[PDB]
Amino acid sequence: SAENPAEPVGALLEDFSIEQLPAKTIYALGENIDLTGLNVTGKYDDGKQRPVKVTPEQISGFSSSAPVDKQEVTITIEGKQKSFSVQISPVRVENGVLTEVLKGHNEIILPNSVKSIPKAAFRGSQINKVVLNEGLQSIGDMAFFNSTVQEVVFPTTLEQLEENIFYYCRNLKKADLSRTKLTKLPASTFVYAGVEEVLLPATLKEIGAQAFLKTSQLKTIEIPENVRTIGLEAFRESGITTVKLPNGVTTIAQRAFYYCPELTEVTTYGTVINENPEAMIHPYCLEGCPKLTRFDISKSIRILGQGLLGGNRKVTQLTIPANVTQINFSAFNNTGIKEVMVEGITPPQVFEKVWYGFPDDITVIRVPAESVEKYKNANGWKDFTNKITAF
C-alpha cells in the first residue's frame, strides 16, 4: 500500500490505456507478476489525463502454475478492462539459477531472472531452439551435452562459460557469441558439434584446448583481434578450409590444427604486436594438413617449434617474419617448401648441432641484402650457405 494518496481529489477515472507494457513479459514457473515498466494513462471525468499506478487486486488472469505460451493478463479499474500478454516458460528459477527445464517444449525462451545455467541443465534435451536471456552471466559444464538443439541465441551479458557445453550438439548450425563479454572460450566447447559458423567476441583472449575438436562442418574460422592463445588441439580434425588470426597471437599450442583435411590457408591480420619472449608456435601444429598451401606466422611469435607442417607438400613458399628469434630442430623439415624468405635483419638463432630446419631439397633462402653474411656465418643457417641469397 502507498503511504500517500494517489488518486486526484474530486475526479474519477472513466477509461484507461496501456501505453507501455511491463518490462517482464516472460516468467518462470512459480514466479509472481512484475508490473515494473508498465505505463497506464487514465482518462478522468475532469477532462485531465493522468498516469495510473495499477494496484495488485486490479490484475486477473495471471498464473505462473503451468507453462503457457500466451497468457492474457487483465487490468480492471472503474468497470473498464485492458489486457496484455505474458508467457509462462517451462522452466524453474531459484535464486537466479535455472533449476529445471521441462521436457516436451521444442522452443525455450528463458525469463530475465536467469543469472546462471547449472551443469547439464539441457543435457540430452530433445529440443530445437533456446533463447538465452539478457541477465544470463554463466553456463555450467556440459549444459547442452548431446542436445538436438538447432539454434541458441546468446545474450550480451554472457560472461563466463564452463567446459564441454556444446559437446555432441550435432544440429547446432551456428554459434554467434560475437555480442557477449567472453574473454575465454573453454576447452572442448564444440567437440563433434555441427557448427558451420562460430562468431567470437572482440573481448576473447583465449581459445581452450580441443574447443573446436572434430568440428567436421565448420567451414572457416576468424579468430578475433585480441586473441593471445590457441590451446592444445583447439582445431584438431576440424573441417575448416581457412583460418584468419591476429598478429597479436603469442601462443599456438601443439597440434592446434592437427589433421585438418580441408585446411588450405592460415592467414594473419592486424598491426597489434604483443612482446613476450615465450611467444611460440608449438610442435606439429599443422601436421596432417595435406591441402595447406599457405602458412602465415603471427608477427608476435618468437619461437618456431619442431615439425610445424610435418608431412605437408603443398606449402612451397614460406615467409618467416622479422620478430622470429628462434627456429628449433626440424621446424620446416618433412615439407615441400622450395622458397623461404626470412625477413629478420638479425637472423633467428639455431642452437642445435644438427638442425634440419628446412628440407634438403629446398631451392632458395632469401634474406635481407645487408644480412647475407650474418646468415651464412650463423649456426644452422650455414648448412644452407649455397642456397642463401639476397632480397
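From 1 onward, residues are counted along the sequence shown.
According to the PDB record, 93-101 carries the higher mean C-alpha B-factor of the two stretches 306-314 and 93-101. Looking at 106-114 and 205-213 together, the entry lists the larger mean B-factor for 106-114, computed on C-alpha atoms. Of the candidates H282, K181, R236, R123, the one whose C-alpha carries the top B factor in the deposited record is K181. Looking only at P321, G248, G79, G231, the residue with the top Cα B factor in the deposited structure is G79. Annotation for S371: CA B-factor lies in the middle third of the chain's modelled residues.
When all modelled residues of the chain are sorted by CA temperature factor, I297 is found within the lowest third. Per the PDB record, residue ranking by Cα B-factor puts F84 in the highest third of the chain.
Ranked by Cα temperature factor within the chain, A378 sits in the lowest third according to the deposited record. When all modelled residues of the chain are sorted by CA temperature factor, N226 is found within the middle third.
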